[PDB]
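**Q** Okay, here's the structure, questions in a sec.
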Amino acid sequence: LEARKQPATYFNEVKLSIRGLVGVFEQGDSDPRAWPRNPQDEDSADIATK
Amino acid sequence: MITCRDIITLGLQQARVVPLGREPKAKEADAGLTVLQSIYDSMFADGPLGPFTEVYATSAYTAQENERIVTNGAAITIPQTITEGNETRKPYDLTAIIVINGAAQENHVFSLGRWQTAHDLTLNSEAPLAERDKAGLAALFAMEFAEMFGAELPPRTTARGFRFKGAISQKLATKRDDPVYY
């Protein structure tokens, strides 16, 4: 392209498809949590989520 | 040194009016001088040697490119080298300079590393810009000079002379820049 004295243009249309797709994951973040499977002395053992 | 009378000898046997090997006489090679003067003088006035710039200075002025000097008493020196910011170049191919005093015109032209003179062109002095081709300048001369005689130039060599007139009307020899993609 430099031998034709032409600029080397590109249209970076593959950063747009990733930058808005990480931004969906990045907003809907999460803190962990433990679910006691049956409330017969298993909610007392849910100090784990703290 | 291609003299003026070599063109008139080549011009006349180009149009096949004098034979091969014989030279023109006195009355033939002295009417051809006044018409070969006329074509060189009608190229600096208004012709393919480019437009000119007016100037009027009564001083020790040195001439630029394409500038018609009309001073009355002065010392006008044609430059040999030009320094455009230490770009010490020679002048461009085929650019003329005119200096005009009271009644005497002195034209000039720079063709291939030398200032040709092209004024008061006698029968011994060299012809200007005939180093580029010799048999092309004698076909532009003899194209209309042959009409006073009976003959005329053949078409294979007439179009040779119209190439020489267009080779100095375009100045396309010097390389120039490419297209740019701006």
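Just remember, in the structure tokens the first chain shown is A, the second B, etc., residues are 1-based per chain, and ligands are 1-based in the order shown.
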Give me the residues within 9 Å of stretch 3-20 of chain A as a PyMOL selection string, counting only C-alpha atoms and dropping any in the same chain fewer than 6 places off.
**A** chain B and resi 179-182
**Q** Taking 4 positions as the minimum chain separation for residues in the same chain, which residues sit within 10 Å of residue A:32 when counting only C-alpha atoms? Answer as a ChimeraX atom specification.
**A** /A:48-50
**Q** Please provide the set of residues having any atom within 12 Å of residue B:113, restricted to only C-alpha atoms, with same-chain residues fewer than 6 positions apart removed, written as a ChimeraX atom specification.
**A** /B:80-81,89-95,129,131-132
**Q** Hey, what does DSSP flag as strand (DSSP E or B) within stretch 88-166 of chain B? Can you give it to me as an NGL selection string?
**A** :B and (88-89 or 96-100 or 105-110 or 115-116 or 126)
**Q** Can you work out the spacing between atom CA of residue B:137 and atom CA of residue B:149 in Å, to one decimal?
**A**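 We find that atom CA of residue B:137 and atom CA of residue B:149 lie 19.2 Å from each other.
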**Q** Identify, on the basis of only C-alpha atoms, every residue whose closest approach to residue A:44 does not exceed 12 Å; exclude the query and any residue fewer than 6 positions from it along the same chain; express the result as an MDAnalysis selection string.
**A** chainID A and resid 34:38 50
**Q** May I have the selected residues written with N, CA, C and O atoms, as an mmCIF file, in the first residue's frame?
**A**
data_model
loop_
_atom_site.group_PDB
_atom_site.id
_atom_site.type_symbol
_atom_site.label_atom_id
_atom_site.label_comp_id
_atom_site.auth_asym_id
_atom_site.auth_seq_id
_atom_site.Cartn_x
_atom_site.Cartn_y
_atom_site.Cartn_z
ATOM 1 N N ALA A 34 -24.908 -18.703 50.136
ATOM 2 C CA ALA A 34 -25.100 -20.119 50.395
ATOM 3 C C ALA A 34 -26.550 -20.370 50.774
ATOM 4 O O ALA A 34 -27.129 -19.611 51.554
ATOM 5 N N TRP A 35 -27.135 -21.428 50.221
ATOM 6 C CA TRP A 35 -28.540 -21.735 50.446
ATOM 7 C C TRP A 35 -28.682 -22.998 51.278
ATOM 8 O O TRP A 35 -28.369 -24.084 50.773
ATOM 9 N N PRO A 36 -29.168 -22.928 52.518
ATOM 10 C CA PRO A 36 -29.345 -24.146 53.319
ATOM 11 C C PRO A 36 -30.429 -25.024 52.721
ATOM 12 O O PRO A 36 -31.512 -24.541 52.395
ATOM 13 N N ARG A 37 -30.127 -26.315 52.545
ATOM 14 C CA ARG A 37 -31.018 -27.100 51.701
ATOM 15 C C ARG A 37 -32.296 -27.503 52.424
ATOM 16 O O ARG A 37 -33.309 -27.769 51.767
ATOM 17 N N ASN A 38 -32.285 -27.549 53.749
ATOM 18 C CA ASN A 38 -33.493 -27.884 54.482
ATOM 19 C C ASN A 38 -33.442 -27.247 55.858
ATOM 20 O O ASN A 38 -32.512 -27.500 56.625
ATOM 21 N N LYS A 50 -21.320 -15.333 55.237
ATOM 22 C CA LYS A 50 -20.836 -14.139 55.905
ATOM 23 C C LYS A 50 -19.322 -14.104 55.953
ATOM 24 O O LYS A 50 -18.745 -13.051 56.234
#
**Q** Quick one: pull the distance between atom CA of residue B:31 and atom CA of residue B:145, Å, one decimal.
**A**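 Straight-line distance from atom CA of residue B:31 to atom CA of residue B:145 works out to 9.4 Å.
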**Q** In stretch 40-177 of chain B, what's helix (DSSP H, G or I) per DSSP? Answer as a PyMOL selection string?
**A** chain B and resi 40-44+137-145+155-167
**Q** For a quick check of understanding, using only C-alpha atoms, which of B:116, B:124, B:88, B:66 has the smallest distance to residue B:6?
**A** B:124
**Q** Env of residue B:11: 10 Å cut, atoms = only C-alpha atoms, seq-sep filter 2 positions within chain, self excluded. Answer as a PyMOL selection string.
**A** chain B and resi 5-9+13-18+32+135-143+145-146
**Q** Restricted to N, CA and C atoms, what would the selected residues look like written as a CSV table (one decimal), in the first residue's frame?
**A**
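Dumped everything to out_32.csv:
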chain,number,residue,atom,x,y,z
B,5,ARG,N,23.5,28.0,-41.3
B,5,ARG,CA,23.4,27.6,-42.7
B,5,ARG,C,23.4,26.1,-42.8
B,6,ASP,N,23.6,25.3,-41.8
B,6,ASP,CA,23.4,23.9,-41.9
B,6,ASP,C,21.9,23.6,-41.8
B,7,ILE,N,21.1,24.4,-41.2
B,7,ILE,CA,19.7,24.2,-41.2
B,7,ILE,C,19.1,24.5,-42.5
B,8,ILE,N,19.5,25.6,-43.1
B,8,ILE,CA,19.0,26.0,-44.4
B,8,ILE,C,19.4,25.1,-45.5
B,9,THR,N,20.6,24.5,-45.4
B,9,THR,CA,21.0,23.5,-46.3
B,9,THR,C,20.3,22.2,-46.1
B,13,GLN,N,17.2,20.7,-49.0
B,13,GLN,CA,17.2,19.4,-49.5
B,13,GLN,C,16.3,18.4,-48.8
B,14,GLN,N,15.6,18.9,-47.8
B,14,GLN,CA,14.5,18.2,-47.2
B,14,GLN,C,13.2,18.2,-48.1
B,15,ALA,N,13.0,19.4,-48.6
B,15,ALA,CA,11.8,19.6,-49.5
B,15,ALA,C,12.2,19.3,-51.0
B,16,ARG,N,13.3,18.6,-51.2
B,16,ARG,CA,13.8,18.2,-52.5
B,16,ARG,C,13.8,19.2,-53.6
B,17,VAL,N,14.3,20.4,-53.3
B,17,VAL,CA,14.5,21.4,-54.3
B,17,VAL,C,16.0,21.6,-54.7
B,18,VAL,N,16.9,21.4,-53.8
B,18,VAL,CA,18.3,21.3,-54.1
B,18,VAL,C,18.7,19.8,-54.0
B,32,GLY,N,16.4,32.7,-46.8
B,32,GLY,CA,16.0,31.8,-45.8
B,32,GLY,C,16.5,32.3,-44.4
B,135,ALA,N,17.4,17.4,-37.5
B,135,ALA,CA,16.5,17.2,-38.7
B,135,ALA,C,15.1,17.4,-38.3
B,136,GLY,N,14.8,17.8,-37.1
B,136,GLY,CA,13.4,18.2,-36.8
B,136,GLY,C,13.2,19.7,-36.9
B,137,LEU,N,14.3,20.5,-36.6
B,137,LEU,CA,14.3,21.9,-36.7
B,137,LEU,C,14.3,22.3,-38.1
B,138,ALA,N,14.9,21.5,-39.0
B,138,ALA,CA,14.9,21.8,-40.4
B,138,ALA,C,13.6,21.4,-41.2
B,139,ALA,N,12.7,20.7,-40.5
B,139,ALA,CA,11.4,20.4,-41.1
B,139,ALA,C,10.4,21.4,-40.7
B,140,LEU,N,10.5,22.1,-39.5
B,140,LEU,CA,9.6,23.2,-39.1
B,140,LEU,C,10.0,24.4,-39.9
B,141,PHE,N,11.3,24.6,-40.2
B,141,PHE,CA,11.7,25.7,-41.0
B,141,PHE,C,11.2,25.5,-42.4
B,142,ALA,N,11.4,24.4,-43.0
B,142,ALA,CA,11.1,24.2,-44.4
B,142,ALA,C,9.7,23.8,-44.7
B,143,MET,N,8.8,23.8,-43.7
B,143,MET,CA,7.4,23.5,-43.9
B,143,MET,C,6.7,24.6,-44.6
B,145,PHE,N,8.7,27.6,-45.6
B,145,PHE,CA,9.7,28.2,-46.5
B,145,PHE,C,9.7,27.6,-47.8
B,146,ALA,N,9.3,26.4,-48.0
B,146,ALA,CA,9.2,25.7,-49.3
B,146,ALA,C,8.0,26.2,-50.1
**Q** Got a sec: who's within 7 Å of residue B:58, counting only C-alpha atoms, leaving out chain neighbours fewer than 3 positions off, as an MDAnalysis selection string?
**A** chainID B and resid 71:74
**Q** For the selection you just gave me, I'd like the residues written to a file as a PDB file, in the first residue's frame, keeping C-alpha atoms.
**A**
ATOM      1  CA  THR B  71      15.430  48.921 -18.528  1.00  0.00           C
ATOM      2  CA  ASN B  72      17.030  51.936 -20.205  1.00  0.00           C
ATOM      3  CA  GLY B  73      20.532  52.131 -18.760  1.00  0.00           C
ATOM      4  CA  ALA B  74      21.577  49.297 -16.463  1.00  0.00           C
TER       5      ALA B  74
END
**Q** Which is closest to chain A among B:46, B:54, B:177, B:126, if we use only C-alpha atoms?
**A** B:177
